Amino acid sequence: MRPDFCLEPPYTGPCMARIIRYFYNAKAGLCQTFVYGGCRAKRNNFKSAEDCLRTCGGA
């Protein structure tokens, strides 16, 4: 089992930055990159693929 936040689609947020973050994609089983706006990040938002896989792998 894994946290439900791992199943949420990536959330860019309202800020206008172009920051590379990782999110777990349950459809592929891998952590993918996405553009984060810089504020109000949801939990399926990681600074590294490793952090993401350790938190959401297998969801």
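Each residue number is its position in the shown sequence, starting from 1.
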item: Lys47 by Cα B-factor - lowest, middle or highest third of the modelled chain; value: highest
item: Lowest, middle or highest third - CA B-factor, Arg21; value: lowest
item: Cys56 by Cα B-factor - lowest, middle or highest third of the modelled chain; value: lowest
item: Assigned third (lowest, middle, highest) for the C-alpha B factor of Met1; value: highest
